[PDB]
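Student: Before we start, here is the structure in question, set down as C-alpha cells.
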Amino acid sequence: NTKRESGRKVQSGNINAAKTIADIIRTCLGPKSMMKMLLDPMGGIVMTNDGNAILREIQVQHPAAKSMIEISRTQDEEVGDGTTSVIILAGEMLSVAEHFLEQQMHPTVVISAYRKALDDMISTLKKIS
Amino acid sequence: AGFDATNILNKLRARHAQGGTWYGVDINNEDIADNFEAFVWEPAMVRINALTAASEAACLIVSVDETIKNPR
Amino acid sequence: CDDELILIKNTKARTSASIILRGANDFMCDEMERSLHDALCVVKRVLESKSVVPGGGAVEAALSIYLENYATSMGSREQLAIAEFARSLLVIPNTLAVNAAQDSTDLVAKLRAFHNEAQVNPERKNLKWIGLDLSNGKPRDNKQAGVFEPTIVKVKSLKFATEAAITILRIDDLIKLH
Amino acid sequence: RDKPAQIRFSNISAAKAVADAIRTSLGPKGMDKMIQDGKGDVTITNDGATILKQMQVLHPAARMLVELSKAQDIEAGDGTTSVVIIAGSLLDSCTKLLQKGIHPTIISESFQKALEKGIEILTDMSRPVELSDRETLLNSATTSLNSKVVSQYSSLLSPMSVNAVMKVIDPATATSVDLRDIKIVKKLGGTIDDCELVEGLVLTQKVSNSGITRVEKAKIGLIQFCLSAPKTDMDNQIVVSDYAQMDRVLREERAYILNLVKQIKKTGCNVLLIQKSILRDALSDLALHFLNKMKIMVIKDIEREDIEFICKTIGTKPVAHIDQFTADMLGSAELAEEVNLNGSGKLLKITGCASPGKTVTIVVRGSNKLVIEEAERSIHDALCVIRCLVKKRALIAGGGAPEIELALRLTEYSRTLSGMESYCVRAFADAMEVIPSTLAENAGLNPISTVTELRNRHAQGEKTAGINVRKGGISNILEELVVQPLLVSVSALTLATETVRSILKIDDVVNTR
Amino acid sequence: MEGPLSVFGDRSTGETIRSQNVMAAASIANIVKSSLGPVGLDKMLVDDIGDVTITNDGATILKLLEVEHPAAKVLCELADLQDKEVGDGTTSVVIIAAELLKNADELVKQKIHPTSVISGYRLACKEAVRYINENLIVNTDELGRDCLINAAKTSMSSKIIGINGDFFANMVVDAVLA
C-alpha cells in the first residue's frame, strides 16, 4: 500500500538480526567452539554447531535472520563450509563499517569498499596459498 | 492595494522582464507601475541602511545554533 | 574452450557472424553480454532516433532555470504555473547524484555551470556539456555510453510528468457514498 | 419547542454541507474521488453533474437534495447541478432569517418572492433563439456535448440530436419532443461514428444468432402467445418413469412445434418479441429455435422498452396462439433488419411502420457500451438541451453564471418589495453570488483570488455581464456557447425553492415507526 | 488520511483530500526516488512476512503497491504506463508527478479560469519536447570518434567489466551488423 521505510534504519534492520547470528556460531566456529542452545516454548533442549539450524527451529525475522540463512544456504550449496563463517562475517562487517562510513555519509564508497577489501583478500590469499 | 500579491508580484516580475525602471506594486496608487514616477519617493540611503540590516540582521543568530543563558 | 559451434562460412543468402565470447566461465560472458545488450540497445536506441538526449538531468536542470525564468516571462499566474514545473527540473538530479551520494547541490553547481544565459543551448553541439552520466553522479563527456536514452523515451514522460497533474482535476462535486 | 429548530437547523445544516461540498463544478477543479463508501466500498467518481444522483446521503434534508438533484435532471437534462448548487444558496438565508425575527412562513413566501422575481429577471437575460433552428439545436447540443462526455462525436451527435428532435419536433415554445418520444437505443459494435440516427423504429432485442431476417417483408413482433404442443399445452397421458417413455414425450413435443412456427411465419412474421411471462414455458426453447428455423426474430423475455415503443410507434399488440393464428394486432412492419457490423450486437431495425408522427429511434453504438454511453448520455442531454430549447426557446448564461446577474438585480427587488420578505430576498439576493466563486472550491493553494471578483465580475459589469464560469475571460455571461435555455435555470430555482421551503415547515420530532 | 475522517472515500472535504493526495504523491514518489535507476538503491519489497522481492525499478514496486489515493493512483500507472511506453520513466515520471499535481491544482483553483494553468505544466514540457528533440547533443552513438566501434566501446566502457571496449568495441558493431 502506501508505506515508506528508510535507508540506514532499514540497513540497521539488516544489521540487527544478522548481528545476533554473528556471535554464537562464531564462538561455535573453529578450534575454540561452543553450542547454540534453543529453548523450545515447551522447554526442549536444542544445541548445534549451526545457528541456522537453530533459526530454522525458532522464530526467523524477515531481516537478515531470513537472509543470513539464505546466503549461508548459498554458502552451504557451494563449498559446503563457511556457513558458520558467513553469518559471522556479514552482519559483523555490516555492523562495523556502516555507522563509521554513513556518518561520513556514504554507502557509495562503501559500495566499492567490500570488493576492494575483497581484492587484496583474494589477491594475497592466492599468493600466500 | 487590494491586490493578490503573487500574480501582481509575478506581473511585476514580468513587468521587470518588460520594464524594471521604477516598476512595482504601489498601494500609493493601488496599481503596478513605476514607483518613483508614481510619486513613491524616499531616499536611496535608507535602502543600503535596511539592506545592511536585511541580510546581516539575519546572519547574527544563524551564526549561533548553541545559545547559552545564565541566571546571573 | 571445450565448447563447440558449427561454423557456417560464407552464408550465401545473407551475411552473418556468430561472435564467441571468451570467458574463463560462462557467466563472464553475461557481464560482457549485459554490457553488450545495453550497448547493443543504446546503439539500437540511436538506431531508434537520430535526435537523442543525454542521460541525467543536465537536460532538465538546464531548462529548469531557463523555463523558471520563462515563468517570469509570461509572469502573472503563469510565473507561478511555469516555475512550479521548471523549479522541478532541478529535483531529478537532486535525486540522481545523491543516489551516488554526490550531494547534487554540488551537481547542480556543475550542471548550471553548464547552464547559462550564454549557454541556453541544446544545439547539436556542446558549448555546454549537457550530458550527465548516471554511472558516476557527475557529468562525463561520454556521449556514446549505454546509460543515455533516446528522444523517444523522454517526450513520452513529459506527458506523464504533466499527466499526474490535470488527470485528477476534471472531477466535480465531491460527495459521500453510504 | 427546541425540537423544531435543531432538526430544521440540521435540515439547513446537514443538507448545506452536502450542498456546500457540491460546488467543484464546471471542469478541471479539485481532485478525483476514489470513494471508500460509508460501507468501505471503493468507487471512482468524476464530473459531479452525474455524481449528484450517484451520491448516497442520509438525513431528511440531505437525502432530499439527491432527490432534488434529479429535479434539474428529470425534466431538463442540462446543468444538473444548478438546483443542487443553489440548494444551499437558500439555506444561506435560512439560518439568518429564522434568527432575524422572521417567521418560517415569512421565510416560506420569501423563497417564493425570491423565486417569483428571480425567474422574472432571468427572462430578461434569456436571449430567445429559434426553437426549430438547426444551430440553436446543434449549438445547444454542441455546448452541452462540449460539456457532456464526447466533445468530438458531438459533431456526429449534435446533428443526430438535431435530426432526432427535428424529426419528432412539434415546434413550440411549450412542451414538445418528449423523452418518451425519442427512442434512444444502444447497440454493441459499430462505432460512435457508426452510431446511426434512424428515423424508423428500431427495437433493441436479443435476436437468436443469424441466418435470420435482415431483409424486408416482416410482420412485427411483440407476441405473447405460447405454442400449444403435446407436452406443452396439450394433454399427454404417456407416463414418464422408464427412460424410453420419458423419451417419447419430448419427441412429440419437439416434432409438433416446428409446424407452429411455420404458422407464425405464415402470419408474415419475421419478428417476435415474446412476453417475459410464461403461459406454461410460454415459448419453449424447442419453439424458439423452430422460430429461428423460420427466420423469425424471436426474443423470449423481451424488455419493457421494446414492448411500449412498438405499441407507441408500430402500434402493436399481442396475437393469439398460432393454431388460433392471429388477430393481426401486430403492427405494420416491413424491413426487419438485424445490423451485424463485425457481428457485434443484436439490433432489430424496423424501417417503415406505423408511427405516431414521432419516436425517432437512434441507435447508439461503439466498441463497447462505455463507448456507447459516451454518445448515449451525451446525445440524450444533447437531445435534452435541444429539448430544453424546444421546451424553452432561448439561451442564457450557462453554469450558474446568471444567478450572480440575478443576484444584484434581485437585491434591487429587495427594495421594490419593501416587505418583511424583502429583507429575506435581500439575504438570498446576495446568496446567489456564491456559486461561481464556490465552483472554484476544491483544487488548490493560495485560494482567494477567485472569490470576490466573481462576485464583482458581474457587479463591476453592472447588471449586464461578467466572466463566464465554464469558459473564462471577461465577456458576457449570457452569450458564450456556454449557453442553456432559460428552462434549466428557472427550473433549478423553482425546484430548490419548494423542498427547501418544506424545511421551514419541518418541525418538532415525528418519525414513522 | 488528514481532515475529517468520518466521511471516507476521498472526501476529506477540501484541500485535505488535495494535500493528503499531494503528500501521498510526495510519499508514493518517496518510494522511487532512492530507487531511481541503478544508482537508486535496490529496495527489498516485503510482499508478506514470508514473501519479499528486491527491485530498484520504479514501475516494479508500484505494480506491487496498493494505492487508494487518487494522486497515488495516477502515480502508479504513470510509472507503469511510461514503463508500458518504454521502461525509461518507470522511475523518471514519479518524482515530478508528485509535484505537478501538487503544482497544478493550486493555481487551477485560483482560477481566472482553470484552463490557464493547464498549459503551464504542458507548455514547459512542450518547451522540453522541442529541447529534448533538439538534442542530438549527447547520447549520439552514430557520431563517435570510432563511430559504432566507440559507440560499442563507450557503451561497453560504461558497463565495462574488463577489456569490454577493446575487442568489445568491435562486437556490438559486429553483433548489430551480423
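By convention in this document, the chains of the C-alpha cells carry letters A, B, ... by their order, each chain's residues are numbered from 1, and ligands are numbered from 1 in the order they are shown.
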Using only C-alpha atoms, find each residue in chain D having at least one atom no more than 6 Å away from chain E; report its shortest atom-to-atom pair and that distance in Å (one decimal), rows by chain then rising number, as JSON lines.

Tutor:
```
{"residue": "D:32", "atom": "CA", "partner": "E:70", "partner_atom": "CA", "distance": 5.9}
{"residue": "D:33", "atom": "CA", "partner": "E:10", "partner_atom": "CA", "distance": 5.0}
{"residue": "D:34", "atom": "CA", "partner": "E:10", "partner_atom": "CA", "distance": 5.8}
{"residue": "D:35", "atom": "CA", "partner": "E:9", "partner_atom": "CA", "distance": 3.3}
{"residue": "D:36", "atom": "CA", "partner": "E:9", "partner_atom": "CA", "distance": 3.7}
{"residue": "D:37", "atom": "CA", "partner": "E:9", "partner_atom": "CA", "distance": 5.7}
{"residue": "D:440", "atom": "CA", "partner": "E:109", "partner_atom": "CA", "distance": 5.4}
{"residue": "D:442", "atom": "CA", "partner": "E:14", "partner_atom": "CA", "distance": 5.3}
{"residue": "D:443", "atom": "CA", "partner": "E:109", "partner_atom": "CA", "distance": 4.7}
{"residue": "D:444", "atom": "CA", "partner": "E:106", "partner_atom": "CA", "distance": 3.5}
{"residue": "D:445", "atom": "CA", "partner": "E:106", "partner_atom": "CA", "distance": 4.1}
{"residue": "D:447", "atom": "CA", "partner": "E:110", "partner_atom": "CA", "distance": 5.3}
{"residue": "D:449", "atom": "CA", "partner": "E:110", "partner_atom": "CA", "distance": 5.6}
{"residue": "D:450", "atom": "CA", "partner": "E:110", "partner_atom": "CA", "distance": 5.5}
{"residue": "D:472", "atom": "CA", "partner": "E:113", "partner_atom": "CA", "distance": 5.1}
```

Student: Restricting the output to N, CA and C atoms, write the selected residues as a compact mmCIF listing (two decimals), in the first residue's frame.

Tutor:
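As written to disk, part_20.txt reads:
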```
# COMPACT_ATOMS: atom_id res chain seq x y z
N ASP D 32 -9.79 13.95 -7.97
CA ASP D 32 -10.72 12.87 -8.22
C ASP D 32 -11.14 12.20 -6.92
N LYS D 33 -12.33 11.61 -6.94
CA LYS D 33 -12.84 10.86 -5.80
C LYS D 33 -12.78 9.38 -6.11
N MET D 34 -11.87 8.67 -5.45
CA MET D 34 -11.90 7.22 -5.41
C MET D 34 -12.49 6.88 -4.05
N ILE D 35 -13.76 6.49 -4.04
CA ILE D 35 -14.58 6.65 -2.85
C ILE D 35 -14.72 5.32 -2.15
N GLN D 36 -14.00 5.15 -1.04
CA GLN D 36 -14.40 4.23 0.02
C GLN D 36 -15.73 4.73 0.55
N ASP D 37 -16.74 3.87 0.52
CA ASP D 37 -18.07 4.33 0.87
C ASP D 37 -18.22 4.36 2.38
N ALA D 440 -15.08 27.19 -7.90
CA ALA D 440 -13.63 27.09 -7.92
C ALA D 440 -13.10 26.29 -6.74
N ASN D 442 -12.34 23.44 -4.89
CA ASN D 442 -11.70 22.33 -4.18
C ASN D 442 -10.27 22.05 -4.61
N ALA D 443 -9.69 22.81 -5.54
CA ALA D 443 -8.50 22.30 -6.22
C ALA D 443 -7.21 22.49 -5.42
N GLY D 444 -6.99 23.66 -4.81
CA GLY D 444 -5.61 24.03 -4.52
C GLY D 444 -5.25 25.17 -3.58
N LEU D 445 -4.02 25.66 -3.75
CA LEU D 445 -3.30 26.55 -2.84
C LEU D 445 -3.40 28.01 -3.27
N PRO D 447 -5.81 30.55 -2.20
CA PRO D 447 -7.14 30.46 -2.83
C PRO D 447 -7.76 31.75 -3.35
N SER D 449 -8.01 34.43 -4.74
CA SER D 449 -8.02 35.28 -5.93
C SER D 449 -9.34 35.17 -6.70
N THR D 450 -10.07 34.06 -6.51
CA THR D 450 -11.24 33.81 -7.34
C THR D 450 -12.49 34.50 -6.80
N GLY D 472 -14.48 31.38 -19.33
CA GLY D 472 -13.41 32.20 -18.80
C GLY D 472 -13.09 33.37 -19.70
```

Student: Let's see if you can do this: from backbone DSSP, list all helix (DSSP H, G or I) residues in stretch 1-118 of chain A, as a count of residues only.

Tutor: 72

Student: Contacts from chain C to chain D, 9 Å maximum, only C-alpha atoms: show me the residue list as JSON, numbers by chain.

Tutor: {"C": [166, 167, 168, 169, 170, 171, 172, 173, 174, 175, 176, 177, 178]}

Student: If we count only C-alpha atoms and set the cut-off at 9 Å, which residues sit around stretch 333-343 of chain D, ignoring sequence neighbours fewer than 5 positions away in its own chain? Please answer as a PyMOL selection string.

Tutor: chain D and resi 189-190+202+207+210+212-221+269-271+297+314+348-354

Student: At a cut-off of 10 Å, can you tabulate as a Markdown table every residue of chain B near chain C together with its closest atom pair and the distance in Å to one decimal, using only C-alpha atoms and ordering rows by chain then number?

Tutor:
```
| residue | atom | partner | partner_atom | distance |
| --- | --- | --- | --- | --- |
| B:6 | CA | C:76 | CA | 7.5 |
| B:7 | CA | C:76 | CA | 4.2 |
| B:8 | CA | C:76 | CA | 6.4 |
| B:9 | CA | C:76 | CA | 7.5 |
| B:10 | CA | C:76 | CA | 4.7 |
| B:11 | CA | C:76 | CA | 4.6 |
| B:12 | CA | C:75 | CA | 7.7 |
| B:13 | CA | C:72 | CA | 5.7 |
| B:14 | CA | C:75 | CA | 4.6 |
| B:15 | CA | C:75 | CA | 7.9 |
| B:16 | CA | C:72 | CA | 8.6 |
| B:17 | CA | C:73 | CA | 6.4 |
| B:18 | CA | C:73 | CA | 8.6 |
```

Student: If you run DSSP on this backbone, which residues of chain B come out as strand (DSSP E), and could you give them as a list in words?

Tutor: residues 23, 24, 25, 26, 31, 32, 33 and 34 of chain B

Student: Using only C-alpha atoms, determine which residues lie at most 7 Å from stretch 161-167 of chain E, disregarding the query and same-chain residues fewer than 6 positions distant; provide the list as an NGL selection string.

Tutor: (:C and (31-32)) or (:E and (152-154))

Student: Could those selected residues go to a file with C-alpha atoms, as a PDB file, in the first residue's frame?

Tutor:
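Dumped everything to out-v3.pdb:
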```pdb
ATOM      1  CA  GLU C  31      28.846  -9.489 -17.775  1.00  0.00           C
ATOM      2  CA  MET C  32      30.032  -8.901 -21.321  1.00  0.00           C
TER       3      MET C  32
ATOM      4  CA  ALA E 152      30.215  -0.055 -28.838  1.00  0.00           C
ATOM      5  CA  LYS E 153      33.275   0.895 -26.760  1.00  0.00           C
ATOM      6  CA  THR E 154      31.902   3.839 -24.770  1.00  0.00           C
TER       7      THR E 154
END
```

Student: I'd like to know which of E:95, E:123, E:31, E:138 is closest to residue E:64, using only C-alpha atoms.

Tutor: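 Closest to residue E:64 of all the choices is E:31.
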
Student: Which polymer residues have any atom within 7 Å of an atom of stretch 49-63 of chain A, counting only C-alpha atoms, with same-chain residues fewer than 3 positions away left out, as a PyMOL selection string?

Tutor: (chain A and resi 13-14+17+21+25+28+35-36+38+66-67+69+84) or (chain E and resi 49)

Student: Using only C-alpha atoms, determine which residues lie at most 7 Å from residue D:383, disregarding the query and same-chain residues fewer than 5 positions distant; provide the list as a ChimeraX atom specification.

Tutor: /D:141,161,165

Student: Skip stretch 32-38 of chain B itself and residues of its chain fewer than 6 positions away, then list as a list in words all residues within 6 Å of it, counting only C-alpha atoms.

Tutor: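 After dropping sequence-adjacent residues, the list is residues 22, 23, 24, 25 and 26 of chain B.
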
Student: For the residues in the current selection, export C-alpha atoms as an mmCIF file, in the first residue's frame.

Tutor:
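As a result, result_29.cif now contains:
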```
data_model
loop_
_atom_site.group_PDB
_atom_site.id
_atom_site.type_symbol
_atom_site.label_atom_id
_atom_site.label_comp_id
_atom_site.auth_asym_id
_atom_site.auth_seq_id
_atom_site.Cartn_x
_atom_site.Cartn_y
_atom_site.Cartn_z
ATOM 1 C CA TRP B 22 10.848 52.024 -11.115
ATOM 2 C CA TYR B 23 8.078 49.493 -11.710
ATOM 3 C CA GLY B 24 6.386 47.995 -8.663
ATOM 4 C CA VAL B 25 3.058 47.446 -6.928
ATOM 5 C CA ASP B 26 2.129 50.691 -5.219
#
```

Student: Please determine the contact residues of chain A with respect to chain C at a cut-off of 12 Å, counting only C-alpha atoms, and supply them as a list in words.

Tutor: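 Putting it all together, I get residues 7, 102, 104, 105, 106, 107, 108, 109, 110, 111 and 112 of chain A.
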
Student: Write the residues of the selection above to a file with N, CA and C atoms, as a PDB file, in the first residue's frame.

Tutor:
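That gives us part31.pdb:
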```
ATOM      1  N   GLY A   7      16.379   3.462   4.390  1.00  0.00           N
ATOM      2  CA  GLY A   7      17.830   3.554   4.384  1.00  0.00           C
ATOM      3  C   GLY A   7      18.514   2.958   5.591  1.00  0.00           C
ATOM      4  N   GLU A 102      28.608   5.877   7.222  1.00  0.00           N
ATOM      5  CA  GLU A 102      27.382   6.600   6.906  1.00  0.00           C
ATOM      6  C   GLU A 102      27.313   7.917   7.664  1.00  0.00           C
ATOM      7  N   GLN A 104      30.034   9.601   7.827  1.00  0.00           N
ATOM      8  CA  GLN A 104      30.726  10.311   6.760  1.00  0.00           C
ATOM      9  C   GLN A 104      29.807  10.502   5.562  1.00  0.00           C
ATOM     10  N   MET A 105      28.595   9.949   5.642  1.00  0.00           N
ATOM     11  CA  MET A 105      27.577   9.999   4.600  1.00  0.00           C
ATOM     12  C   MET A 105      28.012   9.317   3.308  1.00  0.00           C
ATOM     13  N   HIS A 106      28.010   7.975   3.312  1.00  0.00           N
ATOM     14  CA  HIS A 106      28.032   7.205   2.072  1.00  0.00           C
ATOM     15  C   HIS A 106      27.859   5.715   2.326  1.00  0.00           C
ATOM     16  N   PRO A 107      26.928   5.073   1.623  1.00  0.00           N
ATOM     17  CA  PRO A 107      27.123   3.678   1.219  1.00  0.00           C
ATOM     18  C   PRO A 107      28.061   3.598   0.025  1.00  0.00           C
ATOM     19  N   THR A 108      28.173   4.718  -0.693  1.00  0.00           N
ATOM     20  CA  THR A 108      28.759   4.746  -2.030  1.00  0.00           C
ATOM     21  C   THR A 108      30.206   4.279  -2.075  1.00  0.00           C
ATOM     22  N   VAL A 109      31.103   4.896  -1.306  1.00  0.00           N
ATOM     23  CA  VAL A 109      32.476   4.412  -1.322  1.00  0.00           C
ATOM     24  C   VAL A 109      32.566   3.128  -0.512  1.00  0.00           C
ATOM     25  N   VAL A 110      31.532   2.834   0.278  1.00  0.00           N
ATOM     26  CA  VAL A 110      31.446   1.529   0.921  1.00  0.00           C
ATOM     27  C   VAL A 110      31.028   0.482  -0.099  1.00  0.00           C
ATOM     28  N   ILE A 111      30.190   0.879  -1.063  1.00  0.00           N
ATOM     29  CA  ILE A 111      29.856   0.007  -2.187  1.00  0.00           C
ATOM     30  C   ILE A 111      31.124  -0.525  -2.835  1.00  0.00           C
ATOM     31  N   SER A 112      32.091   0.361  -3.067  1.00  0.00           N
ATOM     32  CA  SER A 112      33.349  -0.076  -3.654  1.00  0.00           C
ATOM     33  C   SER A 112      34.222  -0.795  -2.634  1.00  0.00           C
TER      34      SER A 112
END
```

Student: Using only C-alpha atoms and a distance of at most 12 Å, pull out the residues of chain E that contact chain A, as a short mmCIF file (atom, residue, chain, number, x, y, z; two decimals) with N, CA and C atoms, in the first residue's frame.

Tutor:
```cif
data_model
loop_
_atom_site.label_atom_id
_atom_site.label_comp_id
_atom_site.auth_asym_id
_atom_site.auth_seq_id
_atom_site.Cartn_x
_atom_site.Cartn_y
_atom_site.Cartn_z
N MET E 1 -5.60 9.24 6.59
CA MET E 1 -5.55 10.48 5.83
C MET E 1 -5.44 11.69 6.75
N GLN E 20 -3.58 15.50 1.28
CA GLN E 20 -3.37 14.09 1.55
C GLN E 20 -3.05 13.32 0.28
N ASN E 21 -3.47 13.85 -0.87
CA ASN E 21 -3.05 13.27 -2.13
C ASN E 21 -1.66 13.75 -2.54
N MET E 23 0.67 14.96 -0.50
CA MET E 23 1.62 14.41 0.46
C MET E 23 1.75 12.91 0.27
N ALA E 24 0.69 12.26 -0.22
CA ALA E 24 0.82 10.88 -0.67
C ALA E 24 1.57 10.81 -1.99
N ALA E 25 1.23 11.70 -2.93
CA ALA E 25 2.01 11.80 -4.16
C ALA E 25 3.49 11.95 -3.84
N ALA E 26 3.82 12.90 -2.96
CA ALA E 26 5.19 13.01 -2.48
C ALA E 26 5.64 11.72 -1.80
N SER E 27 4.75 11.11 -1.01
CA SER E 27 5.11 9.88 -0.32
C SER E 27 5.27 8.72 -1.30
N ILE E 28 4.32 8.55 -2.21
CA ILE E 28 4.44 7.49 -3.21
C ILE E 28 5.63 7.75 -4.12
N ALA E 29 6.01 9.02 -4.27
CA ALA E 29 7.23 9.33 -5.02
C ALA E 29 8.47 9.06 -4.18
N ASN E 30 8.34 9.08 -2.85
CA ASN E 30 9.48 8.79 -1.99
C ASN E 30 9.98 7.37 -2.20
N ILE E 31 9.08 6.47 -2.61
CA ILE E 31 9.48 5.10 -2.92
C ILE E 31 10.52 5.09 -4.04
N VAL E 32 10.22 5.76 -5.15
CA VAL E 32 11.01 5.63 -6.37
C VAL E 32 12.27 6.48 -6.38
N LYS E 33 12.31 7.58 -5.63
CA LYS E 33 13.48 8.46 -5.65
C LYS E 33 14.76 7.70 -5.34
N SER E 34 14.86 7.14 -4.13
CA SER E 34 16.04 6.36 -3.78
C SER E 34 16.12 5.07 -4.60
N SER E 35 15.08 4.77 -5.38
CA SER E 35 15.09 3.66 -6.31
C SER E 35 15.56 4.07 -7.71
N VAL E 39 21.84 3.72 -9.77
CA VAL E 39 22.30 4.46 -8.60
C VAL E 39 21.24 4.50 -7.52
N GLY E 40 19.96 4.54 -7.90
CA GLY E 40 18.90 4.32 -6.95
C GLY E 40 18.94 2.90 -6.42
N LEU E 41 19.01 2.82 -5.09
CA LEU E 41 19.31 1.58 -4.40
C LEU E 41 18.15 0.60 -4.54
N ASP E 42 18.49 -0.67 -4.73
CA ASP E 42 17.51 -1.74 -4.74
C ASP E 42 16.74 -1.78 -3.43
N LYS E 43 15.42 -1.76 -3.54
CA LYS E 43 14.56 -1.91 -2.39
C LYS E 43 14.28 -3.38 -2.16
N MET E 44 14.18 -3.77 -0.90
CA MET E 44 13.75 -5.12 -0.57
C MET E 44 12.28 -5.03 -0.21
N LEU E 45 11.43 -5.49 -1.11
CA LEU E 45 10.00 -5.23 -1.05
C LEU E 45 9.34 -6.39 -0.34
N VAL E 46 8.84 -6.15 0.86
CA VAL E 46 8.14 -7.18 1.61
C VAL E 46 6.78 -7.37 0.98
N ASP E 47 6.53 -8.58 0.46
CA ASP E 47 5.23 -8.96 -0.05
C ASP E 47 4.39 -9.65 1.00
N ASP E 48 5.00 -10.03 2.11
CA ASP E 48 4.45 -10.79 3.23
C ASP E 48 5.63 -11.05 4.16
N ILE E 49 5.36 -11.45 5.40
CA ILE E 49 6.42 -11.86 6.31
C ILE E 49 7.28 -12.97 5.70
N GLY E 50 6.70 -13.79 4.82
CA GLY E 50 7.45 -14.82 4.13
C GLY E 50 7.72 -14.52 2.67
N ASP E 51 7.25 -13.38 2.18
CA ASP E 51 7.38 -13.04 0.77
C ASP E 51 8.03 -11.67 0.63
N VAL E 52 9.18 -11.62 -0.05
CA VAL E 52 9.82 -10.35 -0.35
C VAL E 52 10.26 -10.37 -1.81
N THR E 53 10.77 -9.24 -2.27
CA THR E 53 11.46 -9.12 -3.55
C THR E 53 12.37 -7.90 -3.50
N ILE E 61 7.83 -1.73 -8.21
CA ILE E 61 7.32 -1.61 -6.85
C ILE E 61 5.85 -1.21 -6.88
N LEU E 62 5.50 -0.28 -7.78
CA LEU E 62 4.18 0.35 -7.73
C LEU E 62 3.10 -0.55 -8.30
N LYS E 63 3.45 -1.45 -9.23
CA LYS E 63 2.53 -2.52 -9.58
C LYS E 63 2.23 -3.40 -8.38
N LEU E 64 3.21 -3.56 -7.49
CA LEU E 64 3.01 -4.32 -6.27
C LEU E 64 2.30 -3.49 -5.20
N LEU E 65 2.44 -2.17 -5.27
CA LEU E 65 1.86 -1.30 -4.25
C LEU E 65 0.35 -1.15 -4.45
N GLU E 66 -0.35 -0.94 -3.34
CA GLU E 66 -1.76 -0.59 -3.36
C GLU E 66 -1.88 0.93 -3.22
N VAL E 67 -2.72 1.54 -4.05
CA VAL E 67 -2.95 2.97 -3.90
C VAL E 67 -4.44 3.27 -3.93
N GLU E 68 -4.96 3.70 -2.78
CA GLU E 68 -6.35 4.13 -2.70
C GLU E 68 -6.47 5.64 -2.75
N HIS E 69 -5.33 6.34 -2.82
CA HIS E 69 -5.37 7.78 -3.06
C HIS E 69 -5.49 8.03 -4.56
N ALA E 71 -4.24 10.59 -6.25
CA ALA E 71 -2.93 11.02 -6.73
C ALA E 71 -1.90 9.90 -6.59
N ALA E 72 -2.08 9.01 -5.62
CA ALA E 72 -1.27 7.81 -5.56
C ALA E 72 -1.71 6.82 -6.63
N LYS E 73 -2.98 6.89 -7.03
CA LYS E 73 -3.47 6.09 -8.15
C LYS E 73 -2.81 6.50 -9.45
N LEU E 75 -0.13 7.99 -9.93
CA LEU E 75 1.32 7.88 -9.93
C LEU E 75 1.78 6.46 -10.28
N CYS E 76 1.07 5.44 -9.78
CA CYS E 76 1.46 4.06 -10.08
C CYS E 76 1.33 3.76 -11.56
#
```

Student: Rank nothing, just name the residue among C:119, C:64, C:151, C:11 nearest to chain E, using only C-alpha atoms.

Tutor: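 Between C:119, C:64, C:151, C:11, the residue approaching chain E most closely is C:151.
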
Student: Tell me, in Å to one decimal, how far atom CA of residue E:80 is from atom CA of residue C:162.

Tutor: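 Computed distance, atom CA of residue E:80 to atom CA of residue C:162, equals 15.1 Å.
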